[PDB]
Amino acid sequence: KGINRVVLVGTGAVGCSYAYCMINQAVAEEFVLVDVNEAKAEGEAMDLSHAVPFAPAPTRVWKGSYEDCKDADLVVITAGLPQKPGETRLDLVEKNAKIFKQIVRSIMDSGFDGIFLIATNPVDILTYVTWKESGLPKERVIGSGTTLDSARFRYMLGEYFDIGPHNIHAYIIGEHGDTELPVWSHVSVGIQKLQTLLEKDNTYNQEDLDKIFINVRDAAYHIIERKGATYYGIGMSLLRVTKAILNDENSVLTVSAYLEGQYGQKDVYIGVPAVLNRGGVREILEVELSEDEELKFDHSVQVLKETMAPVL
């Protein structure tokens, strides 16, 4: 050891997009691919391997098994089933929870003692299932939460204000894929406060922004309609969260984190701003939501509790 090994469990377009980001940016020394479809994992590992000689620096990429989780620092789970028509979100929970229990059990059986990063829908709930089943500390079980939505939000706000998205300070919180909410009260465009931009004599108004949030919320749907699936966005989000952990960044991301009184709520994983470092979630940040945002956040926690019922 003295190095970072990432094991990816689930080798579909989401896992592999993340893997490719990881190869492009040479973040981990070791990157292991695991899937129930071993042949797919092998083909992926081969194809990704062949990118490495042209990457900035090396990464050892191979197709492995759960055994390889023994010495892993981070396990990223993207495996699971998508929601069918004729199914509800609760059915999605049931069937992925069941898959997750087997996956997590096999992982812990290997002797794994690192950090989980969960990407599979529904992500907050499956993070919770992973925490329950693993018996690891709540800090060391993390979900991608609303990191992707916040990225989409920043991108679209960027277009609207004509500013690079790296200068936009904007966040989405709540349950990814159901009840996400925009934190208008803490949005900065460059240095400018959102309130200030709205109050000045220009063409910027709240109605335009509300359309943007809806476009954020429905983005997966618009992408799926056009290209069959979504993966490039989530891939980079998982890349981002991975860097924050493995490079001990103390940076702030809206990951799935377990609430313990923050925002007056408890006992769920949900998307909230958290500080990430090598120990995982160092802490949850409690922003001062406007009363509207607080209402939406409470609503999101309540709906989440109801959706989680099959695993409680």
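Note that residue numbering begins at 1 and tracks the sequence as displayed.
- Higher average CA B factor: 202 to 210, of the stretches 170 to 178 and 202 to 210.
- Just going by the entry, 102 to 110 versus 117 to 125 on mean CA temperature factor gives the higher value to 102 to 110.
- In the deposited coordinates, the residue among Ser150, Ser134, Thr242, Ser185 with the greatest CA B-factor is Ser134.
- Among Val216, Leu157, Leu238, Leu194, the highest C-alpha B-factor recorded in the PDB entry belongs to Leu194.
- In the PDB entry, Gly228 places in the middle third of its chain by CA B-factor.
- Ranked by Cα temperature factor within the chain, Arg140 sits in the middle third according to the deposited record.
- In this PDB entry, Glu29 carries a Cα temperature factor that places it within the middle third of its chain's modelled residues.
- Ranked by Cα temperature factor within the chain, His222 sits in the middle third according to the deposited record.
- When all modelled residues of the chain are sorted by CA temperature factor, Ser256 is found within the lowest third.
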